[PDB]
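Below: one structure, written as structure tokens.
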Amino acid sequence: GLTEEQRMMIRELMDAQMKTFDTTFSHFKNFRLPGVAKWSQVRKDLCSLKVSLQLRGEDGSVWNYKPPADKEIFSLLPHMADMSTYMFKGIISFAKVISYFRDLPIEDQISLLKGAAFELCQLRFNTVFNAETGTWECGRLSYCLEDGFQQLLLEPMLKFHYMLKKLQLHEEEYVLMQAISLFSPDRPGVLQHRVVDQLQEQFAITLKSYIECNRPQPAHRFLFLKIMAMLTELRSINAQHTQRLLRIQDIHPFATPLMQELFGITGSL
């Protein structure tokens, strides 16, 4: 029941995702690893989820990292920044191949990427998340949660990942969530709010139509409304964490140059 315009929309988003999402993470190389007052509040701003780290070598060897309990709380920041930078490069490439994004003014493209890069990284990471092992499988890398799973899901970011996985979405539904998020007109600095708003609505209407034609089962009743609600929660998680990272960055610098560009850091003052 999809119009030809809506089919072309999904086709181009899937093509964008196919070219810019290294599902096997095979090109993520040379990354850093844990070495072989305001600081009381800095401890409340870290990734509150404790993760062990796995590295499967091509020969069969396994390097495994167990972290310590609570300046040793900063040992994982350089590695996180490198992974973050590798994800952000793919997300920017995903945006630049989309025609609807390519046609926006260059200053509006920058404003939209600044507000949505975190959200798309979360969305792409959910696809490699294993809710049955508590693990984000990134090719030869693994971020496994440390052990129950009821007191751990009070953290909103982890609860977001378990709930999004439970919806059992298609690849097409994931890429449409990326599009709706990337084209949010209420981001700080956007000029063509009317243009971005009309684009966002067509993306959401395409998603609602996709669910109507491809999912008749009663388990997918209100699925489109459930997805829109999660996009609103993903955005609250984004705002709460942007301030948390900027607090840490003032006390313990870690952000890469590409992360500074997306956070508005100038290098002066």
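We place every Cβ from the backbone using ideal geometry, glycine too, and count neighbours over all the protein chains shown. A short reminder: the numbers here are calculations on the coordinates, not readings from a lab.
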Quiz item: Taking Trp63 and the conditions (1) buried (at least 16 other Cβ atoms within 10 Å of the Cβ); (2) touching a strand residue (DSSP E or B) at 6+ places or on another chain (Cβ under 6 Å); (3) farther than 22 Å from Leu153 by Cβ; (4) of a type outside the set (D, E, K, R), which numbered condition does it fall short on, given that it satisfies the others?
Solution: (1)
Quiz item: In this structure, does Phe31 turn out to be in contact with a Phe, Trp or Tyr (Cβ under 9 Å, 6 or more places away or on another chain), surrounded by 13 or more Cβ atoms within 10 Å (Cβ to Cβ) and part of a helix (DSSP H, G or I)?
Solution: no
Exercise. Specify which of the listed residues (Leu158, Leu164, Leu234) is closer than 20 Å to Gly90 by Cβ and either touching a strand residue (DSSP E or B) at 6+ places or on another chain (Cβ under 9 Å) or not in a helix (DSSP H, G or I) (or both).
Key: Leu164
